[PDB]
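Residue numbering restarts at 1 for every chain, and letters A, B, ... go by the order of the sequence lines.
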Amino acid sequence: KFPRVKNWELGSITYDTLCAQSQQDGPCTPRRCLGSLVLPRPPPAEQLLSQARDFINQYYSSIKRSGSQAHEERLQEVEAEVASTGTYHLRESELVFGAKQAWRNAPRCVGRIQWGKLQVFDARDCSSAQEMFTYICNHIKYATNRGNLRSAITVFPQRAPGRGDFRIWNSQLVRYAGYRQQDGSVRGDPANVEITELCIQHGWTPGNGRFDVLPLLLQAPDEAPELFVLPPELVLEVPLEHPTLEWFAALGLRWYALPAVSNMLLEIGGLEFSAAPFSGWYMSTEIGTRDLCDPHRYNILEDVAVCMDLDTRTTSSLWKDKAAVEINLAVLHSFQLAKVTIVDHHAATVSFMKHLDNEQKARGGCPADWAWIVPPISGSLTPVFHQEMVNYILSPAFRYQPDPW
Amino acid sequence: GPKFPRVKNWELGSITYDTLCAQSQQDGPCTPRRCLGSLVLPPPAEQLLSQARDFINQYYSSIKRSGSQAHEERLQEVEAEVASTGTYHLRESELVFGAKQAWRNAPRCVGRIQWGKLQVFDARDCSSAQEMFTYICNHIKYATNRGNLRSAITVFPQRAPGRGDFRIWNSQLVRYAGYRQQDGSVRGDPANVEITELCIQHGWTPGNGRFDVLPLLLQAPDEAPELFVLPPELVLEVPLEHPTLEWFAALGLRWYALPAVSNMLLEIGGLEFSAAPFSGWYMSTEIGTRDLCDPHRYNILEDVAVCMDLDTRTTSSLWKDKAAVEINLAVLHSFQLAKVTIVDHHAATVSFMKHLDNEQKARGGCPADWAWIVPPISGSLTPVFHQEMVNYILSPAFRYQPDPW
Ligand code: HEM
Ligand code: HEM
Ligand SMILES: N=C(NCCC[C@H](N)C(=O)N[C@@H](CCN)C(N)=O)N[N+](=O)[O-]
Ligand SMILES: N=C(NCCC[C@H](N)C(=O)N[C@@H](CCN)C(N)=O)N[N+](=O)[O-]
Ligand SMILES: C[C@H](O)[C@H](O)[C@H]1CNc2nc(N)[nH]c(=O)c2N1
Ligand SMILES: C[C@H](O)[C@H](O)[C@H]1CNc2nc(N)[nH]c(=O)c2N1
Ligand SMILES: [Zn+2]
């Protein structure tokens, strides 16, 4: 029934009872495990109503007023609206609780110890792409806070039956352009070649650098997306330098301060918010290891290794490993020097272990995706590597959705 | 699309579908409700017959005589033998095929590109613990081959109804003792404290070093295990030194050349070989990262970092990452200098990607455990991190079994 969960470094054991609350299926079956796969392969009134009731029940339990008079009336309100219109609307307080629970429930997030502190901006009164842009600029300004980053989420209008969705085409609010060139090489970020081309197609005059901030493509229901350029002063960037390798700064690398996912769907009580960008702060390995070292991304490993005069002739000199460590150290040093919030992978995983213990006491478990929680470098040097994890889907939740184009 | 799991490589953008998983006849630990992929450890003549028929079918398919008169005759011979004795026995060629397939099918082994090159030593005529020791010493001599390691497996008699099992109590043929200290600490390998104590309880006079090779505790059917000391000349070890850090040699670290798992059960056609030690050669991270750096093992990170004069007072200095890389480099360098076979994690993972492609063409897939295939350091710097994997159980197989005590 309840899975037994062991930590091999400490020998401690726990049982996950929270998974019993999962009402949505994952990709695995007794025949085969697909845990390492990245992506998965009006609604029934009864179904929506059951999801709504469960959520409202979650909400009243959180404010210690379960079964109260307020609880009963709210349940009747939801019942009334769904029966007459096929859908319903959340009160702002419920939306706030819901957004925090969705973060708390995200199996792939190692930063969940911060779940209770989230600034929620209600943007459900948005009726145009231009209004979306204003809300997004205010989100960025509040979240960045001159380097003292604050977690936030802005929630745009929910999906509605037979009507197009509000969407942000960009995968993050701040991303660097990727320009395809003659022989097929890429200047900038290869991961963003498609969005860059769409921006150009929608009238953007492209730059030609390696770190050009992309404009936003915002879309209101059933209308073509509109292009908006972020005011440079709102986008805080950090030039990268190394504490002892004087020549590193000359590589001309930099990264933006604010990580802000904008392509995920927020589901709360059966309602779906197709545009609900959220942001916290970076864990250093995201930039130092994946963005800068992935072979299909900036792929700077060899350049740095050569500068360090390492032997790139064979794998056994571990030049890739050495270069990677220095690049991650540069990221940490640079953000600290620029006074911009960032967390290293050791600190982040240590806090996640504390989060697991807190949740075991609070809810009897914590859904977690081991392959995503363990950092991309120095995996076993962190406590999470030695910790067995149980992965499952709880609601409220953040989920992937199809690209709008 | 195809009704089989779709598998993507995110570095290359390539896609394959796994059709081999359709051949699995044993369920794993996952369900649609929750994934337990990160967990380490999650006869009826009628049942035995089905497993035996499947295996014989696999064997005749491998030699391209499926459906032949010989295939049908062998199936009848197995049914007749099980009918009158309750079990059956494998032909020499069937055992060789079976042992190679068990390795080929092992989801947690990154060295499977070598699967077709396994020397299978038949020891099914073994009748005493003394003879088991002779077979084991012969395995070690052949496999070590003075540093030019050769993959091998020695198969002792299968389990038989009502009769005791043949068992090797040690987890590996070569392991270092772990001595619990007065203050509660451990001198040596913390992972081997239990087996060490059992050896002492069975008459072994312990040493007092950090790298004392343990004696073997061998068990013949229905007899107390017997103690055997391995002749030092047969156990090849490698003193550890670093290519540029001259003081590393002074730490007095060392490791053995031969990795030889001895506590796993080899299952072929329903038959169970409780004692079937196998050995290949080490991937450097096994020693440099797990054995030497795990907190619950030798735990030498701080010692090395202090010698490197790193800032061990803060996580952001990445002292653990820096020390781990140098320790792994020392292991590679030392084995190479000693002319002892070893493979670095970059070379091993590249060879495994080739294996995946070979198996896609040969069998339509390859069961693989992502959490185990991705190395413990520099995960995303290797190609396997970016490769989705499907995990499932195929037989013949190597399985864990309960400790004999
Ligand atoms: C406070 C600092 C935070 C830290 C350090 C943190 C860190 C991380 C990291 C390292 C990842 C993996 C990213 C990747 O590899 O692509 C991640 C994923 C995720 N985080 Fe957090 N996070 C933070 C705040 C937030 C906030 C504020 C939310 C939402 C309210 C959130 C929701 C998620 C979700 C949904 C994912 C999975 C996204 C995906 O599947 O691509 N995180 N986070
Ligand atoms: C030829 C060189 C080989 C290399 C480099 C290699 C490497 C590895 C590595 C790195 C692991 C993970 C070990 C751990 O983290 O505990 C592993 C696991 C495994 N290997 Fe291989 N292997 C080789 C040969 C073999 C042979 C000859 C067999 C059997 C005939 C084999 C059977 C397995 C099995 C069953 C596991 C899983 C063990 C467990 O679950 O604890 N390997 N191998
Ligand atoms: N630290 C965060 N990390 C998640 C966002 C950055 C991540 N490294 C990334 O590049 N995510 C892709 C994932 C696309 N599926 C994106 N949204 O563009 N988030 N945060 O709120 O603090
Ligand atoms: N490379 C191998 N690795 C597996 C053996 C060494 C591994 N690092 C290890 O310590 N395995 C534990 C497994 C504990 N479940 C043992 N048997 O003592 N095997 N080989 O045949 O080449
Ligand atoms: C194939 C594999 O699932 C994929 O490369 C995953 C592994 N772990 C990850 N972990 C994090 N945090 N982020 C990622 O993008 C990935 N990618
Ligand atoms: C809890 C987690 O499954 C555990 O620490 C695993 C992870 N991956 C591993 N991978 C390998 N090769 N060997 C191991 O012992 C482990 N341990
Ligand atoms: Zn699974």
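Between the side chains of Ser262(B) and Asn170(B), no donor-acceptor pair of N or O atoms lies under 3.5 Å. With no hydrogens or angles considered, no side-chain donor-acceptor pair links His345(B) and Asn328(B) at under 3.5 Å. For the residue pair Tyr282(A) / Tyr256(A), a side-chain donor-acceptor distance below 3.5 Å is found, with atom types taken as modelled.
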Checklist entry - Between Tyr400(B) and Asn263(B), is a side-chain hydrogen bond (donor to acceptor under 3.5 Å, both in side chains) present by the stated rule, with each step listed? => result CA-CA 7 Å; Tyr400(B) 296 133; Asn263(B) 64 175; over 6 Å; no
Checklist entry - Stepwise, does the side chain to side chain contact (heavy atoms under 4.5 Å, CB included) test hold for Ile393(B) with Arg399(B)? => result CA-CA 10 Å; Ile393(B) 302 165; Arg399(B) 315 174 183 288; 3.8 Å; yes
Item to check | From CA spacing to verdict: side chain to side chain contact (heavy atoms under 4.5 Å, CB included), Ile377(A), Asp321(B) | outcome: CA-CA 8 Å; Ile377(A) 56 165; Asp321(B) 313 72; 4.1 Å; yes
Item to check | Worked verdict on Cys33(A) versus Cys35(B) for side chain to side chain contact (heavy atoms under 4.5 Å, CB included) | outcome: CA-CA 7 Å; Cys33(A) 174; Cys35(B) 175; 3.8 Å; yes
Checklist entry - Given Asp344(B) and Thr315(A), is the side-chain hydrogen bond (donor to acceptor under 3.5 Å, both in side chains) satisfied, shown in steps? => result CA-CA 7 Å; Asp344(B) 68 74; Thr315(A) 57; 2.7 Å; yes
Item to check | Trace of the side chain to side chain contact (heavy atoms under 4.5 Å, CB included) decision for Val110(B) with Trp372(B) | outcome: CA-CA 8 Å; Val110(B) 73; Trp372(B) 276 62; over 6 Å; no
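A heavy-atom distance below 4.5 Å is found between the side chains of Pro383(B) and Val350(B). Within the 4.5 Å cutoff, the side chain of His386(A) has heavy atoms near those of the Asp294(B) side chain. Between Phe248(B) and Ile327(B), some side-chain heavy-atom pair lies under the 4.5 Å cut-off. Inter-residue side-chain proximity for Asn7(A) and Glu388(A) is flagged as unmet; no heavy-atom pair is nearer than 4.5 Å. Looking at heavy atoms from C-beta onward, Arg175(B) lies in side-chain contact with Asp189(B) at the 4.5 angstrom threshold. Annotation: side chain of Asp369(A) is not in contact with side chain of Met389(A) (no heavy-atom distance under 4.5 Å). Between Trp247(B) and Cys307(B) there is a side-chain heavy-atom pair separated by less than 4.5 Å.
Aromatic pair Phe278(B)/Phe398(B): centroids less than 6.0 angstrom apart. Taking the six-membered ring for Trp and the full ring otherwise, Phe385(A) and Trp370(A) have centroids separated by under 6.0 Å. Under the 6.0 Å cut-off for aromatic ring centres, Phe335(A) and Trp255(A) do not qualify, their centroids lying 6.0 Å or more apart.
Remark: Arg180(B) CZ is loosely packed, at most 12 non-hydrogen atoms of other residues, nucleotides or ligands lying under 6.0 Å away. When the shell of 6.0 Å around CD of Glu302(A) is examined, it contains 12 or fewer heavy atoms from other residues, nucleotides or ligands.
The minimum heavy-atom distance linking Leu37(A) with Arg108(A) is given by the pair O-NH2, 3.1 Å. Minimum interatomic distance between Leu381(B) and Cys293(A) (heavy atoms only, all atoms of both residues): CD2-CB, 4.4 Å.
Under a cutoff of 6.0 Å and an axis angle of 45°, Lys117(B) and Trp115(B) do not form a cation-pi pair.
Classification of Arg112(A) and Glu359(A) as a salt-bridged pair fails, no side-chain N sitting under 4.0 Å from a carboxylate O.
In this structure, the side chain of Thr285(B) does not engage the main chain of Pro376(B) through any donor-acceptor pair within 3.5 Å.
Identified under the salt bridge (charged side-chain N to carboxylate O under 4.0 Å, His left out) test for residues 237-257 of chain B, with sequence neighbours left out: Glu237(B)-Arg254(B). Each side-chain hydrogen bond (donor to acceptor under 3.5 Å, both in side chains) pair with one or both residues in residues 303-314 of chain A, not counting sequence neighbours, appears once here: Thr314(A)-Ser316(A).
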